[PDB]
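Here the structure is laid out as structure tokens; the discussion comes afterwards.
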């Protein structure tokens with residue numbers, strides 16, 4: 001008896017008019033957060049330092065899940081019960097999981113125009 005059900009995993013979508021800021025993300029695996037901070041063009045000084053943790057470590061502000069749960073349901077990104085999630089493989093990002101990860105970053109963006 002088993003049902004191979006997800007870890008309460010629910011899609012989402014990016015926020016309207018949201019835009020990147022000077023947040024930085026962090027994680028125990030330096031590469032993971034370094035590769036993510038690369039994708040979105042993070043430039044210091046970093047206004048804040050969020051963290052990521054790999055399941056079942058979910059003490060990071062944002063969390064990660066194993067790529068085996070990446071259904072096309074989650075095409076526009078996903079989240080756990082109430083926290084945002086990403087795909088990780090071997091504690092890293094690869095070209096495979098990079099493309100979907102950019103969507104998570106568009107959810108961590110916040111609604112602030114740069115009309116200056």
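Numbering (the deposited numbering), first residue to last: 1 to 116. Cβ coordinates follow ideal geometry from the N, Cα and C atoms, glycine included.
Item checked: Option nearest residue 40 by Cα separation, candidates 114, 60, 103 -> 103
Checklist line | Endpoints, beta strand (DSSP E) assigned at residue 66 | finding: If you look at residue 66, you'll find it in the beta strand (DSSP E) that goes 62 to 66.
Next item on the list: Whole angstroms is fine: what's the gap from residue 110's alpha carbon to residue 2's?
Entry: 40 Å
Notebook entry, point to check: Would the region 27 to 34 and the region 5 to 12 be scored as touching if the rule is three or more Cβ pairs under 8 Å?
Noted result: Contact between the region 27 to 34 and the region 5 to 12 is not established, with fewer than three Cβ pairs separated by less than 8 Å.
Notebook entry, point to check: Since residue 60 and residue 51 are thought to touch, with beta carbons under 8 Å apart, how far apart are those beta carbons, to the nearest angstrom?
Noted result: 4 Å
Next item on the list: Using DSSP bridges, identify the partner residues of residue 89.
Entry: For residue 89, which the question treats as bridged, DSSP gives the partners 92.
Checklist line | Own chain residues within Cβ distance below 8 Å of residue 19, not counting five before or after | finding: 109, 110, 111, 112, 113, 114
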